[PDB]
$ cat target.cif   # mmCIF, C-alpha atoms; chains and numbers go by the auth columns
data_work
#
loop_
_atom_site.group_PDB
_atom_site.id
_atom_site.type_symbol
_atom_site.label_atom_id
_atom_site.label_comp_id
_atom_site.label_asym_id
_atom_site.label_seq_id
_atom_site.Cartn_x
_atom_site.Cartn_y
_atom_site.Cartn_z
_atom_site.B_iso_or_equiv
_atom_site.auth_seq_id
_atom_site.auth_asym_id
ATOM 1 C CA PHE A 1 17.524 -2.570 -8.732 0.00 1 A
ATOM 2 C CA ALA A 2 14.932 -5.226 -7.905 0.00 2 A
ATOM 3 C CA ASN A 3 11.194 -4.559 -7.715 0.00 3 A
ATOM 4 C CA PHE A 4 9.212 -6.847 -5.408 0.00 4 A
ATOM 5 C CA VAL A 5 5.421 -7.128 -5.381 0.00 5 A
ATOM 6 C CA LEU A 6 4.106 -8.941 -2.261 0.00 6 A
ATOM 7 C CA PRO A 7 0.547 -10.287 -2.084 0.00 7 A
ATOM 8 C CA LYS A 8 -2.269 -9.125 0.149 0.00 8 A
ATOM 9 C CA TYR A 9 -2.055 -9.971 3.839 0.00 9 A
ATOM 10 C CA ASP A 10 -3.576 -13.317 4.825 0.00 10 A
ATOM 11 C CA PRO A 11 -4.206 -14.461 8.416 0.00 11 A
ATOM 12 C CA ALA A 12 -4.092 -18.035 7.104 0.00 12 A
ATOM 13 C CA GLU A 13 -0.924 -17.647 5.021 0.00 13 A
ATOM 14 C CA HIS A 14 1.076 -14.768 6.502 0.00 14 A
ATOM 15 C CA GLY A 15 -0.339 -15.255 9.987 0.00 15 A
ATOM 16 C CA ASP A 16 -1.013 -13.132 13.055 0.00 16 A
ATOM 17 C CA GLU A 17 1.324 -10.258 12.139 0.00 17 A
ATOM 18 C CA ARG A 18 1.013 -8.323 8.895 0.00 18 A
ATOM 19 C CA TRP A 19 4.525 -6.823 8.883 0.00 19 A
ATOM 20 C CA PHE A 20 7.381 -8.708 7.234 0.00 20 A
ATOM 21 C CA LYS A 21 11.177 -8.803 7.397 0.00 21 A
ATOM 22 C CA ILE A 22 13.190 -9.046 4.174 0.00 22 A
ATOM 23 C CA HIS A 23 16.601 -10.662 4.638 0.00 23 A
ATOM 24 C CA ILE A 24 19.621 -11.064 2.390 0.00 24 A
ATOM 25 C CA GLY A 25 21.646 -14.252 2.385 0.00 25 A
ATOM 26 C CA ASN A 26 24.916 -15.301 0.758 0.00 26 A
ATOM 27 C CA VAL A 27 26.863 -12.023 0.632 0.00 27 A
ATOM 28 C CA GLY A 28 30.514 -11.125 1.155 0.00 28 A
ATOM 29 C CA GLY A 29 31.836 -13.889 3.378 0.00 29 A
ATOM 30 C CA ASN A 30 28.651 -14.457 5.380 0.00 30 A
ATOM 31 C CA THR A 31 26.498 -17.426 4.383 0.00 31 A
ATOM 32 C CA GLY A 32 23.887 -16.648 7.044 0.00 32 A
ATOM 33 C CA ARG A 33 20.961 -14.265 6.877 0.00 33 A
ATOM 34 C CA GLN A 34 21.110 -10.526 7.525 0.00 34 A
ATOM 35 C CA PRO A 35 17.907 -8.459 7.876 0.00 35 A
ATOM 36 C CA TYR A 36 18.115 -6.016 4.969 0.00 36 A
ATOM 37 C CA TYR A 37 14.636 -4.468 5.099 0.00 37 A
ATOM 38 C CA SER A 38 11.463 -4.291 7.168 0.00 38 A
ATOM 39 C CA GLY A 39 8.105 -3.713 5.515 0.00 39 A
ATOM 40 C CA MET A 40 4.503 -3.077 6.484 0.00 40 A
ATOM 41 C CA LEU A 41 2.067 -5.161 4.452 0.00 41 A
ATOM 42 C CA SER A 42 -1.305 -3.917 3.220 0.00 42 A
ATOM 43 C CA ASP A 43 -4.491 -5.902 3.822 0.00 43 A
ATOM 44 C CA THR A 44 -6.299 -4.240 0.890 0.00 44 A
ATOM 45 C CA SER A 45 -3.885 -4.552 -2.054 0.00 45 A
ATOM 46 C CA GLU A 46 -0.495 -5.867 -3.110 0.00 46 A
ATOM 47 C CA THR A 47 2.605 -4.014 -1.916 0.00 47 A
ATOM 48 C CA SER A 48 5.271 -2.990 -4.439 0.00 48 A
ATOM 49 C CA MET A 49 8.711 -1.712 -3.463 0.00 49 A
ATOM 50 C CA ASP B 1 -2.009 -2.550 -27.460 0.00 1 B
ATOM 51 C CA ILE B 2 1.016 -0.634 -26.115 0.00 2 B
ATOM 52 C CA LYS B 3 3.218 1.147 -28.636 0.00 3 B
ATOM 53 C CA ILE B 4 5.572 4.074 -29.176 0.00 4 B
ATOM 54 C CA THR B 5 5.289 5.948 -32.475 0.00 5 B
ATOM 55 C CA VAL B 6 8.231 8.143 -33.478 0.00 6 B
ATOM 56 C CA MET B 7 7.796 10.675 -36.267 0.00 7 B
ATOM 57 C CA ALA B 8 10.646 12.664 -37.802 0.00 8 B
ATOM 58 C CA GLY B 9 10.078 14.174 -41.226 0.00 9 B
ATOM 59 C CA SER B 10 8.818 11.394 -43.484 0.00 10 B
ATOM 60 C CA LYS B 11 10.178 8.622 -41.226 0.00 11 B
ATOM 61 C CA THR B 12 7.416 7.213 -39.009 0.00 12 B
ATOM 62 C CA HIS B 13 8.060 4.108 -36.908 0.00 13 B
ATOM 63 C CA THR B 14 5.867 2.127 -34.511 0.00 14 B
ATOM 64 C CA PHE B 15 7.715 0.048 -31.908 0.00 15 B
ATOM 65 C CA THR B 16 5.453 -2.132 -29.770 0.00 16 B
ATOM 66 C CA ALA B 17 5.996 -4.236 -26.666 0.00 17 B
ATOM 67 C CA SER B 18 5.561 -7.414 -28.727 0.00 18 B
ATOM 68 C CA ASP B 19 8.928 -7.005 -30.482 0.00 19 B
ATOM 69 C CA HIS B 20 10.838 -4.320 -28.524 0.00 20 B
ATOM 70 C CA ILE B 21 10.213 -5.206 -24.874 0.00 21 B
ATOM 71 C CA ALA B 22 13.027 -5.222 -22.314 0.00 22 B
ATOM 72 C CA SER B 23 10.978 -6.198 -19.245 0.00 23 B
ATOM 73 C CA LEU B 24 7.453 -7.607 -19.314 0.00 24 B
ATOM 74 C CA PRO B 25 5.685 -6.866 -16.001 0.00 25 B
ATOM 75 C CA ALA B 26 3.015 -8.887 -14.230 0.00 26 B
ATOM 76 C CA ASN B 27 -0.721 -8.920 -14.984 0.00 27 B
ATOM 77 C CA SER B 28 -2.577 -7.261 -12.106 0.00 28 B
ATOM 78 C CA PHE B 29 -4.742 -4.281 -11.189 0.00 29 B
ATOM 79 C CA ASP B 30 -1.876 -2.470 -9.423 0.00 30 B
ATOM 80 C CA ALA B 31 0.841 -0.311 -10.983 0.00 31 B
ATOM 81 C CA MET B 32 2.379 -1.878 -14.087 0.00 32 B
ATOM 82 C CA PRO B 33 5.902 -0.651 -14.951 0.00 33 B
ATOM 83 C CA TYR B 34 6.668 -0.984 -18.671 0.00 34 B
ATOM 84 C CA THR B 35 10.237 -0.653 -19.968 0.00 35 B
ATOM 85 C CA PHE B 36 11.270 -1.116 -23.597 0.00 36 B
ATOM 86 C CA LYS B 37 14.463 -2.094 -25.375 0.00 37 B
ATOM 87 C CA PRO B 38 17.016 0.565 -26.351 0.00 38 B
ATOM 88 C CA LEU B 39 15.383 1.960 -29.486 0.00 39 B
ATOM 89 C CA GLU B 40 17.755 2.799 -32.348 0.00 40 B
ATOM 90 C CA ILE B 41 15.895 4.907 -34.924 0.00 41 B
ATOM 91 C CA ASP B 42 17.463 6.271 -38.104 0.00 42 B
ATOM 92 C CA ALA B 43 16.279 9.878 -38.528 0.00 43 B
ATOM 93 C CA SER B 44 17.785 11.336 -41.703 0.00 44 B
ATOM 94 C CA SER B 45 14.608 12.733 -43.327 0.00 45 B
ATOM 95 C CA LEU B 46 14.243 15.609 -40.848 0.00 46 B
ATOM 96 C CA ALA B 47 13.760 18.955 -42.601 0.00 47 B
ATOM 97 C CA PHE B 48 16.298 21.100 -40.747 0.00 48 B
ATOM 98 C CA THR B 49 14.879 24.612 -41.054 0.00 49 B
#

$ encode --input "target.cif" --output "structure tokens"
Amino acid sequence: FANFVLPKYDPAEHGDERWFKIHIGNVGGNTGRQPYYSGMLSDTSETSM
Amino acid sequence: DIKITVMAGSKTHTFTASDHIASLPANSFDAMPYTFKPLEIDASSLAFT
């Protein structure tokens, strides 16, 4: 189990869209990326999941 | 400033996060999850009534 805390949304850093896509990489026999999660950021506080 | 005090008969122990920490979280205003090491306490002074 891994707990991730993501910072507050930033138009300068994150950009035009607040939502983010978490992807997993080197797994099984696939080196490429696979979208493992989709999250909705918060513009008022950090997001922990 | 964070500690767990176990009392059992005359045996009283105080295990803090400075010497018995398993995962030290971040330093922020949001939720802070604190988990300690597996605590092995010898409790042989219990008065079994």

$ closest_residue --input "target.cif" --among "B:22, B:3, B:16, B:29" --to "chain A" --atoms "all atoms listed in the file"
B:29

$ interface_residues --input "target.cif" --of "chain A" --to "chain B" --cutoff "12 Å" --atoms "only C-alpha atoms" --output "PyMOL selection string"
chain A and resi 3-8+44-49

$ atom_distance --input "target.cif" --atom1 "atom CA of residue A:2" --atom2 "atom CA of residue B:25"
12.4 Å

$ atom_distance --input "target.cif" --atom1 "atom CA of residue A:38" --atom2 "atom CA of residue B:27"
25.7 Å

$ resolve_selection --input "target.cif" --expression "the PyMOL selection byres ((chain A and resi 9) around 8)" --output "MDAnalysis selection string"
chainID A and resid 7:8 10:11 13:14 18 41:44

$ resolve_selection --input "target.cif" --expression "the PyMOL selection byres ((chain B and resi 39-42) around 12)" --output "ChimeraX atom specification"
/B:4-17,19-22,35-38,43-46

$ atom_distance --input "target.cif" --atom1 "atom CA of residue B:32" --atom2 "atom CA of residue A:37"
22.9 Å

$ decode --input "target.cif" --residues "stretch 9-48 of chain A" --atoms "N, CA and C atoms" --output "mmCIF file, in the first residue's frame"
data_model
loop_
_atom_site.group_PDB
_atom_site.id
_atom_site.type_symbol
_atom_site.label_atom_id
_atom_site.label_comp_id
_atom_site.auth_asym_id
_atom_site.auth_seq_id
_atom_site.Cartn_x
_atom_site.Cartn_y
_atom_site.Cartn_z
ATOM 1 N N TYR A 9 -3.595 22.553 -6.388
ATOM 2 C CA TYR A 9 -3.633 22.844 -7.814
ATOM 3 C C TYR A 9 -2.993 24.195 -8.106
ATOM 4 N N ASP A 10 -2.249 24.256 -9.208
ATOM 5 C CA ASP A 10 -1.580 25.477 -9.639
ATOM 6 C C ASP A 10 -1.841 25.672 -11.127
ATOM 7 N N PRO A 11 -2.450 26.785 -11.539
ATOM 8 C CA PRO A 11 -2.533 27.070 -12.979
ATOM 9 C C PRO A 11 -1.172 27.208 -13.634
ATOM 10 N N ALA A 12 -0.172 27.700 -12.899
ATOM 11 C CA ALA A 12 1.166 27.830 -13.466
ATOM 12 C C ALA A 12 1.864 26.479 -13.566
ATOM 13 N N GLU A 13 1.746 25.645 -12.531
ATOM 14 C CA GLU A 13 2.464 24.375 -12.514
ATOM 15 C C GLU A 13 1.648 23.261 -13.159
ATOM 16 N N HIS A 14 0.485 22.952 -12.586
ATOM 17 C CA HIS A 14 -0.350 21.886 -13.125
ATOM 18 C C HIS A 14 -0.959 22.282 -14.464
ATOM 19 N N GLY A 15 -1.478 23.503 -14.565
ATOM 20 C CA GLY A 15 -1.950 23.989 -15.847
ATOM 21 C C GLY A 15 -3.426 24.318 -15.913
ATOM 22 N N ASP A 16 -4.026 24.101 -17.086
ATOM 23 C CA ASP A 16 -5.408 24.518 -17.304
ATOM 24 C C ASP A 16 -6.401 23.566 -16.645
ATOM 25 N N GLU A 17 -6.039 22.293 -16.510
ATOM 26 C CA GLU A 17 -6.951 21.282 -15.997
ATOM 27 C C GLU A 17 -6.458 20.771 -14.652
ATOM 28 N N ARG A 18 -7.366 20.770 -13.675
ATOM 29 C CA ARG A 18 -7.011 20.387 -12.315
ATOM 30 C C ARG A 18 -6.852 18.879 -12.159
ATOM 31 N N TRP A 19 -7.653 18.090 -12.866
ATOM 32 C CA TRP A 19 -7.633 16.642 -12.733
ATOM 33 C C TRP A 19 -6.322 16.063 -13.258
ATOM 34 N N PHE A 20 -5.951 14.905 -12.714
ATOM 35 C CA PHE A 20 -4.691 14.259 -13.044
ATOM 36 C C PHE A 20 -4.921 12.782 -13.331
ATOM 37 N N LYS A 21 -3.978 12.194 -14.064
ATOM 38 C CA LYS A 21 -4.001 10.775 -14.394
ATOM 39 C C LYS A 21 -2.741 10.122 -13.848
ATOM 40 N N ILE A 22 -2.914 9.147 -12.963
ATOM 41 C CA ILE A 22 -1.808 8.386 -12.396
ATOM 42 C C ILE A 22 -1.617 7.142 -13.251
ATOM 43 N N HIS A 23 -0.381 6.898 -13.672
ATOM 44 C CA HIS A 23 -0.055 5.785 -14.547
ATOM 45 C C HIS A 23 1.027 4.920 -13.917
ATOM 46 N N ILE A 24 0.969 3.629 -14.216
ATOM 47 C CA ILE A 24 1.964 2.682 -13.754
ATOM 48 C C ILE A 24 2.814 2.277 -14.952
ATOM 49 N N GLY A 25 4.079 1.963 -14.690
ATOM 50 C CA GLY A 25 5.029 1.776 -15.767
ATOM 51 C C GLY A 25 5.486 0.350 -15.986
ATOM 52 N N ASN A 26 6.716 0.050 -15.581
ATOM 53 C CA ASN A 26 7.329 -1.248 -15.859
ATOM 54 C C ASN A 26 6.665 -2.321 -15.005
ATOM 55 N N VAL A 27 5.726 -3.051 -15.602
ATOM 56 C CA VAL A 27 4.977 -4.102 -14.922
ATOM 57 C C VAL A 27 4.821 -5.281 -15.871
ATOM 58 N N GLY A 28 4.844 -6.492 -15.316
ATOM 59 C CA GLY A 28 4.621 -7.693 -16.098
ATOM 60 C C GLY A 28 5.626 -7.885 -17.213
ATOM 61 N N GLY A 29 5.188 -7.656 -18.448
ATOM 62 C CA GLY A 29 6.078 -7.671 -19.591
ATOM 63 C C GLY A 29 5.976 -6.390 -20.394
ATOM 64 N N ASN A 30 5.232 -5.421 -19.866
ATOM 65 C CA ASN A 30 4.971 -4.159 -20.548
ATOM 66 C C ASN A 30 5.862 -3.076 -19.951
ATOM 67 N N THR A 31 6.764 -2.534 -20.772
ATOM 68 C CA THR A 31 7.589 -1.412 -20.338
ATOM 69 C C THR A 31 6.816 -0.098 -20.365
ATOM 70 N N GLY A 32 5.839 0.027 -21.263
ATOM 71 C CA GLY A 32 5.119 1.268 -21.441
ATOM 72 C C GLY A 32 4.183 1.588 -20.291
ATOM 73 N N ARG A 33 3.523 2.736 -20.415
ATOM 74 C CA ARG A 33 2.656 3.233 -19.357
ATOM 75 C C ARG A 33 1.239 2.698 -19.512
ATOM 76 N N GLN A 34 0.589 2.455 -18.378
ATOM 77 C CA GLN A 34 -0.802 2.056 -18.319
ATOM 78 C C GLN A 34 -1.525 2.931 -17.304
ATOM 79 N N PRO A 35 -2.599 3.620 -17.691
ATOM 80 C CA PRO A 35 -3.307 4.472 -16.724
ATOM 81 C C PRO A 35 -3.941 3.653 -15.613
ATOM 82 N N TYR A 36 -3.411 3.783 -14.397
ATOM 83 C CA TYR A 36 -3.872 2.995 -13.266
ATOM 84 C C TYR A 36 -4.895 3.716 -12.404
ATOM 85 N N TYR A 37 -4.937 5.046 -12.451
ATOM 86 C CA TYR A 37 -5.878 5.789 -11.626
ATOM 87 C C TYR A 37 -6.153 7.139 -12.269
ATOM 88 N N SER A 38 -7.299 7.716 -11.917
ATOM 89 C CA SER A 38 -7.646 9.072 -12.318
ATOM 90 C C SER A 38 -8.146 9.811 -11.088
ATOM 91 N N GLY A 39 -7.609 11.006 -10.848
ATOM 92 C CA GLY A 39 -7.915 11.728 -9.633
ATOM 93 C C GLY A 39 -8.320 13.159 -9.918
ATOM 94 N N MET A 40 -9.112 13.699 -8.997
ATOM 95 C CA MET A 40 -9.595 15.070 -9.062
ATOM 96 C C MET A 40 -8.868 15.888 -8.003
ATOM 97 N N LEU A 41 -8.029 16.823 -8.442
ATOM 98 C CA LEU A 41 -7.255 17.621 -7.504
ATOM 99 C C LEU A 41 -8.153 18.615 -6.771
ATOM 100 N N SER A 42 -7.629 19.141 -5.670
ATOM 101 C CA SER A 42 -8.301 20.161 -4.879
ATOM 102 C C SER A 42 -7.487 21.446 -4.933
ATOM 103 N N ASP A 43 -8.164 22.562 -5.190
ATOM 104 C CA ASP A 43 -7.507 23.859 -5.272
ATOM 105 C C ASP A 43 -7.386 24.551 -3.921
ATOM 106 N N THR A 44 -7.819 23.905 -2.837
ATOM 107 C CA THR A 44 -7.765 24.501 -1.511
ATOM 108 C C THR A 44 -6.798 23.811 -0.561
ATOM 109 N N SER A 45 -6.465 22.544 -0.799
ATOM 110 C CA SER A 45 -5.581 21.811 0.096
ATOM 111 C C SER A 45 -4.980 20.636 -0.660
ATOM 112 N N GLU A 46 -3.964 20.030 -0.050
ATOM 113 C CA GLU A 46 -3.322 18.861 -0.632
ATOM 114 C C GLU A 46 -4.278 17.674 -0.644
ATOM 115 N N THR A 47 -4.075 16.782 -1.608
ATOM 116 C CA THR A 47 -4.924 15.610 -1.788
ATOM 117 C C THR A 47 -4.138 14.359 -1.420
ATOM 118 N N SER A 48 -4.681 13.565 -0.500
ATOM 119 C CA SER A 48 -4.035 12.348 -0.031
ATOM 120 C C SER A 48 -4.891 11.145 -0.399
#
